[PDB]
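> Protein chains in written order, with the entry's author numbering: chain A, 297 to 675, 687 to 735; chain B, 29 to 296; chain C, 980 to 1125; chain D, 736 to 826, 847 to 1076; chain E, 736 to 784; chain F, 980 to 1028.
Beta carbons are placed, not taken as given, at the ideal position from N, Cα and C, and that holds for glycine.
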Amino acid sequence: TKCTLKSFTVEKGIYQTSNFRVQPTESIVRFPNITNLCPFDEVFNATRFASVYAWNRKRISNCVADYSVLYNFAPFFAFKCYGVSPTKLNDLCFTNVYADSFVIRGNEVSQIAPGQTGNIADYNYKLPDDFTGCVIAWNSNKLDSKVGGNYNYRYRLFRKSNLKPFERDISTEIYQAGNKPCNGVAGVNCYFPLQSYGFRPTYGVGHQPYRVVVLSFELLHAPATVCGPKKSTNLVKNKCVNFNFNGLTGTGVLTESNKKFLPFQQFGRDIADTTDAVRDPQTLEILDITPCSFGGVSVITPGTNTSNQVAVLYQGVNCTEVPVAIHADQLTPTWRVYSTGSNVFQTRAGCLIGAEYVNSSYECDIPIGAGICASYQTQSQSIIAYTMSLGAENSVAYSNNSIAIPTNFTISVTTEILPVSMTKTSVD
Amino acid sequence: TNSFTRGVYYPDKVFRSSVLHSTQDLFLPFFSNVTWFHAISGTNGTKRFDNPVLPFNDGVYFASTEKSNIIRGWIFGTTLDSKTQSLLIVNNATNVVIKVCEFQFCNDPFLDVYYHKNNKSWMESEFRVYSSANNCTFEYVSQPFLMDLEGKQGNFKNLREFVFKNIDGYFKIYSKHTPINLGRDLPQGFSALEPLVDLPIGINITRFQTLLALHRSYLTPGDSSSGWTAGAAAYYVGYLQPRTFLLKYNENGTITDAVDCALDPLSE
Amino acid sequence: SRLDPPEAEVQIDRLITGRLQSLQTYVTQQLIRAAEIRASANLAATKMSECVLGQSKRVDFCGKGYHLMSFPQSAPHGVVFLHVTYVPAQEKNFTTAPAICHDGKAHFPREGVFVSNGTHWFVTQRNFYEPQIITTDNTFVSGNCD
Amino acid sequence: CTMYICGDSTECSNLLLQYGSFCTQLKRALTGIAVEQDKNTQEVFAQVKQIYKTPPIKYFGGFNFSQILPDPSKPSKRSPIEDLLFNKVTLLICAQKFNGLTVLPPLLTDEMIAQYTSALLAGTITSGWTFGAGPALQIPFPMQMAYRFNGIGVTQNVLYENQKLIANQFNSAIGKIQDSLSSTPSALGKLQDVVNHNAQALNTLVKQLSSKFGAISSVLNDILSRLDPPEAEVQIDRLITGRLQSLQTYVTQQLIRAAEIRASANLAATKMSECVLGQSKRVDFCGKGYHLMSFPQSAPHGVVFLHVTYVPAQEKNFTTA
Amino acid sequence: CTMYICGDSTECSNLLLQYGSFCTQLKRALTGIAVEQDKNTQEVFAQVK
Amino acid sequence: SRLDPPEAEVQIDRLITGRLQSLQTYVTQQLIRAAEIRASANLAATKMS
Ligand SMILES: *[C@@H]1O[C@H](CO)[C@@H](O[C@@H]2O[C@H](CO)[C@@H](O)[C@H](O)[C@H]2NC(C)=O)[C@H](O)[C@H]1NC(C)=O
Ligand SMILES: *[C@@H]1O[C@H](CO)[C@@H](O[C@@H]2O[C@H](CO)[C@@H](O)[C@H](O)[C@H]2NC(C)=O)[C@H](O)[C@H]1NC(C)=O
Ligand SMILES: *[C@@H]1O[C@H](CO)[C@@H](O[C@@H]2O[C@H](CO)[C@@H](O)[C@H](O)[C@H]2NC(C)=O)[C@H](O)[C@H]1NC(C)=O
Ligand SMILES: *[C@@H]1O[C@H](CO)[C@@H](O[C@@H]2O[C@H](CO)[C@@H](O)[C@H](O)[C@H]2NC(C)=O)[C@H](O)[C@H]1NC(C)=O
Ligand SMILES: *[C@@H]1O[C@H](CO)[C@@H](O[C@@H]2O[C@H](CO)[C@@H](O)[C@H](O)[C@H]2NC(C)=O)[C@H](O)[C@H]1NC(C)=O
Ligand SMILES: *[C@@H]1O[C@H](CO)[C@@H](O)[C@H](O)[C@H]1NC(C)=O
Ligand SMILES: *[C@@H]1O[C@H](CO)[C@@H](O)[C@H](O)[C@H]1NC(C)=O
Ligand SMILES: *[C@@H]1O[C@H](CO)[C@@H](O)[C@H](O)[C@H]1NC(C)=O
Ligand SMILES: *[C@@H]1O[C@H](CO)[C@@H](O)[C@H](O)[C@H]1NC(C)=O
Ligand SMILES: *[C@@H]1O[C@H](CO)[C@@H](O)[C@H](O)[C@H]1NC(C)=O
Ligand SMILES: *[C@@H]1O[C@H](CO)[C@@H](O)[C@H](O)[C@H]1NC(C)=O
Ligand SMILES: *[C@@H]1O[C@H](CO)[C@@H](O)[C@H](O)[C@H]1NC(C)=O
Ligand SMILES: *[C@@H]1O[C@H](CO)[C@@H](O)[C@H](O)[C@H]1NC(C)=O
Ligand SMILES: *[C@@H]1O[C@H](CO)[C@@H](O)[C@H](O)[C@H]1NC(C)=O
Ligand SMILES: *[C@@H]1O[C@H](CO)[C@@H](O)[C@H](O)[C@H]1NC(C)=O
Ligand SMILES: *[C@@H]1O[C@H](CO)[C@@H](O)[C@H](O)[C@H]1NC(C)=O
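1. Between residue 556/A and chain B, is the shortest Cβ-Cβ distance under 7 Å, so that the two count as touching?
2. Spatial neighbours of residue 1052/D within its chain, please: C-beta separation below 6 Å, excluding the five flanking residues on both sides.
3. How should residue 786/D be labelled, buried or exposed, when 16 other C-beta atoms within 10 angstroms of its C-beta is the threshold for buried?
4. Just the Cα atoms here: how many angstroms apart are residue 131/B and residue 192/B?
5. Checking contacts by CB at 7 Å: is residue 966/D closer than that to chain I?
6. If we define contact as Cβ-Cβ less than 7 Å, is residue 895/D a contact residue for chain A?
7. Cβ closer than 7 Å: which chain F residues qualify as neighbours of residue 969/D?
8. Return the residues of the segment 1020-1036 of chain C that lie within a Cβ-Cβ distance of less than 7 Å from chain D, sorted by chain order.
9. So residue 998/C contacts chain A; which residues on that side make the cut at Cβ distance below 7 Å?
10. Report the rounded CA-to-CA distance for residue 126/B versus residue 579/A, giving the unit in angstroms.
11. List the residues of chain A that residue 784/D touches, going by C-beta distances under 8 Å, in chain order.
12. When you compare the CB of residue 851/D with every CB in chain E, is at least one pair closer than 7 Å?
13. Among the candidates 342/A, 315/A, 389/A, 297/A, whose CA atom is the shortest distance from the CA of residue 330/A?
14. Ordered along the chain, which non-local residues of its own chain (more than five positions away) have a Cβ less than 6 Å from that of residue 899/D?
15. Have a look at residue 620/A and residue 672/A and give me their C-alpha separation to the nearest angstrom.
16. From the DSSP output, in three-state form, read off residue 304/A for me.
17. So residue 764/E contacts chain F; which residues on that side make the cut at Cβ distance below 9 Å?
18. Take every Cβ of the segment 378-393 of chain A, pair it with every Cβ of the segment 513-522 of chain A, and state whether three or more of those distances are shorter than 8 Å.
19. Here's a check: name, in chain order, each residue in its chain whose Cβ is nearer than 6 Å to the Cβ of residue 689/A, leaving out the five neighbours to either side.
20. Assign residue 921/D to one of three DSSP states: helix, strand, or coil.
21. Considering residue 784/E, what are the terminal residues of the beta strand (DSSP E) in which it resides?
22. Apply the 10 Å Cβ neighbour rule to residue 124/B and answer buried if 16 or more other Cβ atoms are within range, or exposed otherwise.
23. Using only CA atoms, which one of 469/A, 490/A, 348/A, 311/A lies nearest to residue 510/A?
24. With contact counted as at least three CB pairs below 8 Å, one residue from each stretch, are the segment 256-276 of chain B and the segment 48-68 of chain B in contact?
25. Can you pull the chain C residues whose beta carbon is under 8 Å from the beta carbon of residue 898/D, in chain order?
26. What's the gap between the Cα of residue 1014/D and the Cα of residue 993/F?
27. When the cut-off is 7 Å and only beta carbons count, does residue 760/D lie next to chain E?
28. Given this structure, state the Cα-to-Cα distance separating residue 210/B from residue 929/D, to the nearest angstrom.
29. Measuring only between beta-carbons, confirm whether residue 695/A sits less than 7 Å from chain C.
30. Please state the DSSP three-state secondary structure of residue 142/B.
31. Flag residue 346/A as yes when its Cβ comes closer than 6 Å to any non-hydrogen atom of ligand 13, and as no otherwise.
32. For the alpha helix (DSSP H) holding residue 952/D, just list the boundary residues, first then last.
33. Evaluate contact between the segment 368-380 of chain A and the segment 419-429 of chain A, counting only Cβ atoms and requiring at least three cross-stretch pairs below 8 Å.
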């Protein structure tokens, strides 16, 4: 209290300081049984990938893509992933991956970003702005090259219009360079759109071919497919854990769900932004993830001027269950010497710890809530939590023919305090 | 006919109960009329084929009524040939054949003898539409989505409702079978469509056609006057539009209701 | 001095927004705080114009009990009132009646209430026991006493 | 903030103290409102030092007060009028507690409030206005009304000559109040709005977490597991500003809302001290017409008054001089 | 907001809805003020039936 | 019409926050201004009554 209030002498009253939060017991990682190694590692072993005019999409099926295996083969050149972090690509689950075979000029290998709009983008392949994915590459100049010139790298130099992202077709047409019907073959005022690099193995890296694997993926509603050999763990139904269900990082109390998912429905949500329900990847179980029991804590103190004993109030908790039964290092706030405290008194705003409730009512000084107040006095001075006294009980004998008329008075002078003007301020 | 309330599905694959969530996805507008394309399919003499091409205006709501297996499949793609991939679908006897491989021309069942359905009630000699191509995209054979409930003494109409839509190349099939008796085309009520099939194949889809096998003619009349008429219908085709639909679920999780947000100012 | 000018603004503008929005909150918080003072300031003026500048018939407005006077006192950032109030005490309960019948006609007290100490009936003011002999000028007649 | 702004993440919480004391102010500002609500109930109700009880025999000169006096039969010691008021004010809830949003119960329980209301009713009925100026003094109710008629401009002989008729008028008029609130659906419009605005304000605050605020996704744990540490904060801090400013907007909106309530809370205390604790000479302050005396009634998040007024009727015009 | 914040641009409006409901609140808050002004005149003047 | 789409929001979002915050400031300033008027409106209602 004197830390949050930033002083040494706190005044008599209640003060909100922090919150009581339990901590997870263990960690649970649950993944679908299937872990078949993924066949996209065979793409690394391949030599010839493609010619960039009808680029394919090697969809990686339901398997496990130990990304570290691909990183154990050979060093990578670009490795520029403007999406998911290409370091912790292990403990998150991918619905589907769409890496495509690709190779382009070494002057244009650094232009893999979706901003270099030109021959590579408007005619070969365009990447959308709202896109997530990685780019990897390695050396491919010496493995595949021609002394005269690699004609196999022919591509679509020019086409009818701008090549939209995620469109695959062959521009089988002849460009109209003038007043000439290009349905027929011609060389004047009608040129065929085509270009071949003609690479050679005896020049600098700026003119050497590099094989590029454009990793394209998206995080979908679909069940997880390719997220590694990571160990599935056990399941708990009463204890808060740090679950990693299908890459969904989170924590809270996991319990059986009575909510009726449809035979297809997978993820459950409340009227909120967090995932309330979840479907177990194994045994098709439906879980009911809820945040671990917690509540704010406030301290009732009579002031350092008078004494040093304090009474803590755990707000809004049925405290016979959660804070009394705390194991070792169950909470990060700790100060667990008050696991049972002096006495416990249940209150609608959470119980009180460190104060004994008395059966005699008084006018109260420190409010708590729900008609319960606290004060520091004798039962030998302790903190009590009596119900506040509404006032001295009184009764007047109303009767048909009884009048009460005063015979004396008292000129009493009271006082009244009223603010009038606050201190003027001006800033610059 | 008018699509009064049908044409609503589950927009996302996320469960939620007693929520009034809004949605920006593609939907069939309420109270919009749809075309019939009532085909006789007589199979008599020279040529009885009345399944035209459909523009596929950003997804199609396809409804159909039959006895057991009158409807067979659908064809997508622009060129309608082997030049571009065709998203051909076959509702097999106990399977589904959803193949993208190119076909020169989809085959047809033999236009048999004039004695078409005297006593030839047997089931064989089908279309065999799959024209062999060296270049093929892999098929996605799975469980058949045609489940039929046997109704007796009439008063049964197993209406099959589907929604086919293309978004960012991904091509989705949503389906439902509703075994309610209808006194008129597109009956009143509410039935949400569950998501069934996804497809990660990206190609232009600006044309559409329907596969129907009616070698044995079973109560199929015809007409020769376009307009807003009434009568028996084989199927209905509607075009989806970009809308801002609002949805209301149930305690159990079923989508109980939906309301448009660009149709009626009261709805707005 | 440390970081170059062409790229320092992306850290300066990040710092200026938090610094300015912090100043924005203080200006707003003063407006509500000044509005609350205005409610108290007008209340003090209302009390000054009634409790001090006169005698207020409002109950529990210029102090507990029947209000008599008030004394303003200058205070830092406010004013202090000294309400002088009239509070009855040393009360006694008697036997009463709504009217008096003498010659078949009901008599009602012009002011005060009819009070009997046990033998003789008196009429006295409400807030002070000053019994008086019931004469015809202390009461009025309205109809018969039936 | 440690719960609402950051999903109990030590990476996000470090960026929160990175912003300074924008959250100590918000906690302090809301704490001032919380102590203000408990203060507001004090002036409205806690106007009596003692708690009064009505006598067992309740012949109030022919006036019937069964609708406003508490009934001991019910476990909830409330009047029939208060029972109707409590039923017509409908007060999800669990989803707010999981996002750091809390609701603190008021210091005075609704049952304790009805004891102040009963004490105020007993003082007005048996003792009149005297229990607000000093010790309560015995005075019969038929003669209490006679000195309230004397306070509007009619001599006390009017009441006694029509005591039975006036009691029937008062008994019938108070019986219409119970049916009047039942018939009108918008009778408790002002009270229902107070609980409606609070529920909507918290509902909007919870729904604001979906605002991605220029980040990849609204879920904070998504970035920490998907996006690398040394560059994720430029999306976290972009998300924390919108999240914090949305929280700051709610706190500000409560300050104006609390200020408006304080205007009404002081007005209720002002009305309590004159309309109930006495007879007010002000016109149209304690109801339409010549005000006679008033009744406080406990209500959820407010108070309900029953102004008993004197209204002339059945007039005839004469020639004067 | 669709007019003051964005110049009826579908690119800007997509970013505006991406911020959530900072604009439903302002429309609602100003609507509450508009009702108050019509109400404030009622008590001042509409005192006679 | 001048700057490319895939990083136009880098400047648009910077402009939308200041534009929106200014609108939010006006909404807040009206709330205090309307509250002061309501205090005066009720005072006029009291004086009228
Ligand atoms: C007259 O007043 C006296 C005291 O002022 C009454 O005596 C007591 O009054 C209190 C009032 O709460 C009661 O609780 C006690 O039981 C009374 N004691 C006795 C012995 O009576 C007295 O009752 C009053 N009498 C009348 C006729 O008003
Ligand atoms: C006070 O007056 C009433 C009637 O003026 C007396 O009679 C009581 O009236 C009530 C209501 O009608 C009944 O419930 C009671 O049973 C009546 N009492 C008796 C004894 O009959 C009442 O008695 C008077 N009070 C006293 C103390 O005498
Ligand atoms: C009325 O009250 C006053 C004061 O409250 C009483 O005056 C007191 O009388 C006693 C009797 O000798 C003195 O000892 C005190 O010193 C007096 N007080 C003061 C302040 O002077 C007075 O007696 C009371 N009268 C009645 C009838 O109750
Ligand atoms: C949700 O579905 C369940 C069944 O899956 C419904 O529960 C049945 O409700 C009917 C209604 O009369 C009862 O006759 C059955 O006995 C119930 N069965 C069971 C197992 O509970 C439930 O009503 C549905 N919820 C709705 C409609 O809101
Ligand atoms: C005061 O009014 C109440 C009305 O609530 C009266 O209670 C009624 O009593 C009659 C006769 O016993 C019943 O027929 C009604 O049903 C009661 N109304 C209810 C329960 O709402 C009460 O009797 C009146 N007081 C006196 C002394 O007569
Ligand atoms: C699809 O069609 C559009 C226009 O009809 C065209 O611009 C685009 O290049 C086509 N895409 C493919 C892959 O053919
Ligand atoms: C996966 O393993 C769990 C272990 O109990 C088993 O229950 C489940 O049936 C398995 N699923 C498949 C598809 O093998
Ligand atoms: C305790 O409080 C009293 C007055 O409240 C003050 O005079 C005294 O100095 C205080 N003692 C300490 C140790 O602060
Ligand atoms: C609180 O916990 C006790 C266990 O001692 C249980 O009996 C009681 O029902 C619980 N009450 C609530 C409201 O959770
Ligand atoms: C409170 O209860 C205890 C035990 O039931 C009893 O001894 C004590 O007298 C009670 N006190 C009051 C004021 O009721
Ligand atoms: C559908 O409605 C439109 C406009 O209402 C009309 O032009 C069109 O012919 C109609 N088509 C059918 C099949 O009813
Ligand atoms: C063949 O059948 C169709 C309908 O099934 C009918 O319209 C046609 O007339 C038939 N052919 C002949 C020659 O009658
Ligand atoms: C359809 O079913 C038959 C046998 O039932 C089978 O031979 C054939 O391969 C199936 N076709 C497809 C496309 O699955
Ligand atoms: C063929 O038609 C004749 C008509 O007389 C009928 O008797 C016979 O049963 C039919 N054949 C079959 C297999 O039904
Ligand atoms: C089919 O495969 C070969 C590959 O060269 C060729 O006949 C033709 O280009 C392909 N057909 C296409 C791509 O439509
Ligand atoms: C009542 O007052 C009169 C005044 O003259 C007195 O004579 C009488 O004794 C008093 N009664 C009692 C019981 O003292």
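According to the structure shown:
1. yes
2. 816, 817, 1059
3. buried
4. 21 Å
5. The chain labelled as chain I is not found among the protein chains of the depicted structure, namely A, B, C, D, E and F.
6. yes
7. 992
8. 1036
9. What residue 998/C touches in chain A: nothing, since even the nearest Cβ is about 12 Å away.
10. 29 Å
11. 698, 699
12. no
13. 389/A
14. 883
15. 24 Å
16. coil
17. 1006, 1007, 1009, 1010
18. yes
19. none
20. helix
21. That residue, residue 784/E, is in no beta strand (DSSP E); it is neither H nor E in DSSP.
22. buried
23. 348/A
24. yes
25. 1075, 1077, 1092
26. 34 Å
27. no
28. 58 Å
29. no
30. coil
31. no
32. 944-962
33. yes
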